[PDB]
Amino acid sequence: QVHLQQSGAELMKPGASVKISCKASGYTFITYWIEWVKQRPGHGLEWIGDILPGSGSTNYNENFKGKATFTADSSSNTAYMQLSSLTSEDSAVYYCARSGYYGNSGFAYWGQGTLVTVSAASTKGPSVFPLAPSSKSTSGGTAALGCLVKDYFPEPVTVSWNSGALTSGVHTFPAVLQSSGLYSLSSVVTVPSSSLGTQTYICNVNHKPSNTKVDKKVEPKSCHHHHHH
C-alpha cells in the first residue's frame, strides 16, 4: 500500500532553517508528483509547490519563492522541503502528499504532517501527573481518570492509554499556552468504576522534541470526610 512518512516535529530559532523529510513507499517514486501543503489555524490549506522526483521539475506558489526549496532522492525514495530565514509566520503543520493515479485527480495519499515551531524559547520536557479516579470523578458507575501533561515546549505531545489498547472514551484536550510560555494539557478517559481495583490504567506520554517518554500508572484514590471515629 502507498505510504508517506514525514519526519518529526521541530523547533528552530527565527532566521534559521528547517528541513522536513517525506519518505515514500508502495509505489514507483519517480512516477508521481510530491506536493507540499502548509496548514496554520485560521488559514486553511495553502499550496507551497511540488516536485517530480528524478526529473528535477519543480513548481512554486510564488509566495514561497525564496522560502521553500524542494529536493528528492530517488535512491532513498525520499522528498525534502527546506524552509529558510524562518519567522513566526512559518510556524505551522506541513504536509507532503502524492498526486493521484489517474492524473489531475487530486492528492490521493498524504503524510501525517510535521509541526514546525519557530521560537527563541528552549525545549522543555513535561511533568506528568495522575488525575486519580475517585468518588469525586464517578457518576452512575462510570469513573473518569487521566493524566495532566504540564509545562512543556514546544508542541506536540502524544498520549495513549494502556499502550493503545484503551481508546474508547478517551479525550485528549488541545494544549493551552500557559502564562509562563509553556504548554499544558490533560488526557482523560471514562471507564466502569468497578474495574478500578482489578484493571491497571497507564497513560503513555511522549514529547519527542525533548526525547521524553513517561508511562504513568494512574492509581485509584478513596474519599472520606475528616472525622473522628
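Start at 1 and count along the sequence shown; that's the residue number.
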If you average the Cα B factors in the entry, which is higher, 162-170 or 44-52?
162-170
Please work out which of 220-228 and 4-12 has the higher mean CA B-factor as recorded in the PDB entry.
220-228
Which one of 156, 141, 106, 111 shows the biggest C-alpha B-factor in the PDB entry?
141
Entry-reported C-alpha B-factor of residue 98 relative to its chain, by third, is lowest
By the entry's values, the third containing the CA B factor of residue 25 is the middle
Ranked by Cα temperature factor within the chain, is residue 117 in the lowest third, the middle third or the highest third?
lowest
Which third of the chain does residue 58 land in by C-alpha B-factor: lowest, middle or highest?
lowest
Lowest, middle or highest third of the chain for the C-alpha temperature factor of residue 36?
lowest
